[PDB]
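Each chain gets a letter, A, B and so on, in the order its sequence line appears, and its residues count up from 1.
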Amino acid sequence: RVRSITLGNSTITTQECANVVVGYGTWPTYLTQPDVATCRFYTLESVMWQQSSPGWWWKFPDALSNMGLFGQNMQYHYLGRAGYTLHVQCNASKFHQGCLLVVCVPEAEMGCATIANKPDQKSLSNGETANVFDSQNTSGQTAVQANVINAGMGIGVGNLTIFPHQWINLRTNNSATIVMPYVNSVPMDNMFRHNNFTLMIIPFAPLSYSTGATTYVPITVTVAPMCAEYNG
Amino acid sequence: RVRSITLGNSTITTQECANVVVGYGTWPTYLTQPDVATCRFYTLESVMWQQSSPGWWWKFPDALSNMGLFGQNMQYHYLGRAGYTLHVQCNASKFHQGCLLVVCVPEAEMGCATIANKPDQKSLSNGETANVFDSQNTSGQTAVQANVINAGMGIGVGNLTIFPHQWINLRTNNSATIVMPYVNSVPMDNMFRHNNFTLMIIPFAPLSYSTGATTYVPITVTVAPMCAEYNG
Amino acid sequence: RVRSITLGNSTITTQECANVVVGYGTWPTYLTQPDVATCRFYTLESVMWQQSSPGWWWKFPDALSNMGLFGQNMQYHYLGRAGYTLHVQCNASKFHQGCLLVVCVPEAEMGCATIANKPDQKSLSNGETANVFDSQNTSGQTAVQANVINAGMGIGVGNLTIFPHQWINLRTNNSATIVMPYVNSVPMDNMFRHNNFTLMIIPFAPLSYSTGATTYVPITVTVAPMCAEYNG
Amino acid sequence: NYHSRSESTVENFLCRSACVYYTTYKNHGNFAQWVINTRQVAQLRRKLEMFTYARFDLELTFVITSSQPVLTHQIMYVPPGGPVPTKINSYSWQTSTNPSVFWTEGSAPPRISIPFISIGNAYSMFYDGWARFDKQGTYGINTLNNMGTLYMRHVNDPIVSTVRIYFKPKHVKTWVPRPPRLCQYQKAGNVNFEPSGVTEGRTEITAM
Amino acid sequence: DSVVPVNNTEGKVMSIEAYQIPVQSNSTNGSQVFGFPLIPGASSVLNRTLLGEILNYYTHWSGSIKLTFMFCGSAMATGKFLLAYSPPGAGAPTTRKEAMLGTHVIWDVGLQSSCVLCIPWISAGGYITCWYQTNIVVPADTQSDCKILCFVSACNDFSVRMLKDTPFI
């Protein structure tokens, strides 16, 4: 039936039968000064999926940087580490069709629209606000080359399945759950100058619906940090 | 699945999983001259639930007073006693929405539209024909003050949940079953001058539907007397 | 010898042989949402004891109201409870003489300099800043009648020994330690509109010194909350 | 050990020699240099970039020829953080912590091994971050990927020398596979690309 | 449990509509759906309930309260609501994000037709709010909006201390 999950002072519901993807077959564990006061769900503002939407992305350490206590622990520490559980859900009827790829990409270093330059901080991440992929080649001096077909990385978008992911096909499921382990070259790092991974949501089959149906589908992203560690 | 119930020479069906409310936690029992020839289902004429319907009511000993043998046993006896099972069902699609309160109220003595007067016999009960609640203050010399917000009793309608009841929320259920025990100040009484209880059906959420859907929802009330007793 | 005491991230030293007074023979215990993140020492700004000093006082829940996390827990809760350990020390040489009464007074409701009025919030307490007793009758519309001989309460100052206290006689000791239990008429209270107790430091023998000696003696007050509790 | 295994294994895929750098230096005028890098050659870069992190040792072989006594050449390795020459006679050429190889023509080519030398536990092929947060020019620069620098000079007291540097990764471990690059490379210091089609085109969606 | 007249605005008090909280499918996302003070002194949405009527006969009372919210839209309707609780002295939230960072539950009407909260209530008094995290998605146009009904009852170990006259006569 329906499973109610409570973390801290926040509660969400998921389908009891929903599938969970554990990236690289690894669950987050501790190696430090632990903090479990932030182990709550943070629900990001929902985005609306339209017939023409090209896709959305979030950089994670940055996406939660303004979120109360999580944001404060980043601000009061020199080094830190965390794993995350990401819950992605769609609100759609049986008269809606479409298909999304929900993928977590480690070290998603992005290219600039201008070859001679590097992208700026806001074009790469707008914090808790989703960044948007383009259907066209983008342009600007500090702009990210967000054209969808290359996922902002210069690779074919159809090959992103190499990274932890789940497909959402509205005729069979409206949700995805990804457990993302800490992945880096070092045990702990500065959480403000490095994004451990990027969450990308990319439609592969356009949203479509019957003629009297709602013209958009809300997509909600809920984030739950695990095993957070900081320097003493 | 579906449960087929036969009483006497009448059969009805209910959902096997439907919930049953037993008023006051009490099942009807015998204390007299028993009569089981009347222990059949009596289905009352259905009423149509529209977007603007204010609600309906029935007085019970009176609602069945013309029903063949039950009506005759009232007519041929001085005193009597009975408990009842009331089955209320709605015929609606998944494209319909709305919510009803189905409640049985003991001794539902009603107020008159004219303060100086008392309500008459027909304004209080039209026998097997449902009486209708008003959205407006009613007026007349013998009229019942049927304005819905006071349930005809001078109480707030939202507090009728104190009496045996079941909610029908069309997104989850289309039926209610109430077992109503005999309740009185005396073991047996004259069944023509006293209504042991009133059945009220009051919408709390208006009927609404998709644009190509049927504009009304039938509500059917089926009554099955139990443990009927009469004087010898 | 010397005893080093660490609470949280703060350390103080006391003489190993120093005496501890436990008010009313009671140690603080828990009855609620506990918080031990504030169980650290808070050292208040030192006051200087001169030949003519009349004395000093602090209201406790208020004295710590700006102290980081303690102040925040008062601000984020409706009700709360706490006990305190108070360490009072003097820095003086063997060529200094004088004697202080260090006393904790529950419910030290104070009188106003103007009989017709009540004292204001700042005349009663200046938060972490010590309030000062006068040698003269005070005057003002909202001023506290701080004349020392009546301790601000209309009692003789020599009878304050009824309350938990310790004497500091500079020829024998330069310190006092008082453990103050929670005392009230109710289990928990609003910590902003009620001062559970007042700490008073009153000289009974004036500071005096040899002619080449430092002309003042610093008095330092260190506070350590215990068993803090708040509403959930 | 490693070679008698499938060619699909990571070690066989990556542990192949490549010419990564070609340069010249003269005995008059005066020295060559190369910062050790993995983004220098497109075929090598592409194979390594199929992973996010890698840990390996480096084998370096030098093919040196010359054109107008026995001619001696000095190859110097400066570890990350070591001093470097600016001049043919800079003091750094004699630093005891900057290993050198002295070699003469006619002998087998010079060869040295450099172990994994990063402070971190792996070299990062990609870095979604900044060396300095507020400096846009530092996006993508991971200072833990400094493999050191090579310098070459002729040892003497109108000759032209040419140097071919052969690089081979060894004992290679890799983590977190990535899609192969679709776009052509633009610069060694970036991941910038010209948007590119996912594949070649067809005239129709059907089988014939 | 009795039905709470949450939508008791001046023009709704004389109608059954007082108990019907409106939900609109085209609302601005993040806007407030409804909310109310849990003020015990003359609780405007809770003092004529079965609970409220009894507590109004005593000078002092204390215990916990159960609040149930029931969605009455069509079976195929889906979307999420944020139900947030603000403890006494905290103040009501002004935005969906502020509410999200406090104490709350995400209620998905496509999974559950109702959601139950349990809060303390004694005698500012704390607050209940509900935000449109997403709008309500439907397969077809309807001729009207969706409603939410609210119910209240004493949750557990509820006590009263000194009998007095009712203020409602």
Side-chain angles (χ1 to χ4, degrees), chain B residues 49-56 97-101 103 111 113 132-139 145-162 167 169-170 200-208, chain E residues 1-28 31-53 56 67-73 81 83 92 109 114 125 127-132 136 142-153 167-168:
Chain B
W49 181 14
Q50 299 180 330
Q51 291 177 339
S52 60
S53 294
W56 305 268
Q97 66 182 63
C99 185
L100 303 171
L101 174 64
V103 59
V132 177
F133 287 103
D134 199 336
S135 66
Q136 299 296 305
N137 297 345
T138 67
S139 179
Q145 180 54 263
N147 187 326
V148 169
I149 63 170
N150 296 130
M153 296 187 290
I155 55 86
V157 71
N159 290 325
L160 289 172
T161 59
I162 194 64
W167 288 95
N169 184 334
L170 293 177
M200 300 181 180
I201 300 176
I202 301 169
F204 280 76
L207 183 69
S208 178
Chain E
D1 295 356
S2 63
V3 183
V4 179
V6 173
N7 191 14
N8 55 318
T9 63
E10 183 178 359
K12 301 297 185 182
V13 168
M14 291 301 293
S15 175
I16 200 165
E17 293 182 15
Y19 300 107
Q20 296 170 3
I21 298 167
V23 177
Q24 290 88 43
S25 66
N26 60 340
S27 298
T28 300
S31 66
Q32 193 175 152
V33 180
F34 67 91
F36 54 90
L38 294 164
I39 40 173
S43 178
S44 311
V45 306
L46 306 162
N47 66 337
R48 297 313 293 259
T49 62
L50 291 170
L51 173 66
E53 296 270 32
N56 285 318
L67 294 172
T68 300
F69 299 93
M70 181 172 74
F71 182 72
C72 301
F81 294 108
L83 294 174
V109 301
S114 66
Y127 298 85
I128 301 296
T129 62
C130 182
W131 302 86
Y132 289 98
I136 305 302
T142 62
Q143 296 181 352
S144 70
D145 62 6
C146 299
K147 303 298 196 288
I148 297 168
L149 301 178
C150 180
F151 299 83
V152 67
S153 64
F168 300 136

Working note: E/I148 + E/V6, criterion side-chain contact (heavy atoms from CB on, under 4.5 Å); need CA distance, chi angles, decisive distance, verdict.
CA-CA 10 Å; E/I148 297 168; E/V6 173; over 6 Å; no

Donor-acceptor contacts, no H, no angles, side chain residues 9-16 of chain E, under 3.5 Å, sequence neighbours left out:
{"from": "E/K12", "atom 1": "NZ", "to": "E/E17", "atom 2": "OE1", "distance (Å)": "2.5"}
{"from": "E/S15", "atom 1": "OG", "to": "E/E17", "atom 2": "N", "distance (Å)": "3.1"}

Exercise: identify the closest heavy-atom pair between [X] and [Y]:
X	Y	answer
E/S114	E/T68	CB-CG2, 4.3 Å
E/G73	B/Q97	C-CB, 3.5 Å
B/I201	B/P203	O-CD, 3.8 Å
E/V45	E/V4	O-CG1, 3.0 Å
B/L170	B/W49	CD1-CZ3, 3.8 Å

Reported [atom1]-to-[atom2] distance for the pair [X] and [Y], which is rounded to 0.5 angstrom:
X	Y	atom1	atom2	result
E/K147	B/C99	NZ	SG	12.5 Å
E/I21	E/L149	CD1	CG	7.5 Å
B/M200	B/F133	CE	CZ	4.0 Å
E/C130	E/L83	SG	CG	4.5 Å
B/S53	B/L207	OG	CG	8.0 Å
E/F151	E/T49	CZ	OG1	12.5 Å

Any side-chain to backbone donor/acceptor pair from B/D134 onto B/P54? Under 3.5 Å, distance only.
no

So does B/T161 get a backbone contact from the side chain of E/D1, meaning a donor-acceptor N/O pair under 3.5 Å?
no

Would you indicate whether the side-chain heavy atoms of E/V23 and E/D145 approach each other to under 4.5 Å?
no

Could you check whether any side-chain heavy atom of B/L101 comes within less than 4.5 Å of a side-chain heavy atom of B/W167, counting everything from C-beta outward?
yes

Check residues 146-159 of chain B and write down every donor-acceptor pair under 3.5 Å in which the side-chain atom is one partner and the other belongs to a residue at least two apart or another chain.
{"from": "B/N147", "atom 1": "OD1", "to": "B/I149", "atom 2": "N", "distance (Å)": "3.0"}
{"from": "B/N147", "atom 1": "ND2", "to": "B/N137", "atom 2": "OD1", "distance (Å)": "2.8"}
{"from": "B/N150", "atom 1": "ND2", "to": "B/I155", "atom 2": "O", "distance (Å)": "3.3"}
{"from": "B/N159", "atom 1": "OD1", "to": "E/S2", "atom 2": "OG", "distance (Å)": "3.4"}
{"from": "B/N159", "atom 1": "OD1", "to": "E/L50", "atom 2": "N", "distance (Å)": "3.2"}
{"from": "B/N159", "atom 1": "ND2", "to": "E/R48", "atom 2": "O", "distance (Å)": "3.0"}

Stepwise, does the side-chain contact (heavy atoms from CB on, under 4.5 Å) test hold for E/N56 with E/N47?
CA-CA 8 Å; E/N56 285 318; E/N47 66 337; 3.9 Å; yes

Crowding at CD, B/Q136 (>12 non-hydrogen neighbours, <6.0 Å)
no

Would you mind writing out the side-chain donor-acceptor pairs for residues 33-40 of chain E within the sub-3.5 Å range, not counting sequence neighbours?
none

According to the interplanar angle, ranging from 0 to 90°, do the rings of E/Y132 and E/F81 count as parallel (below 30°), tilted (30 to 60°) or perpendicular (above 60°)?
tilted

Side-chain H-bond candidate by donor/acceptor type, E/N7 with E/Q20, under 3.5 Å
no

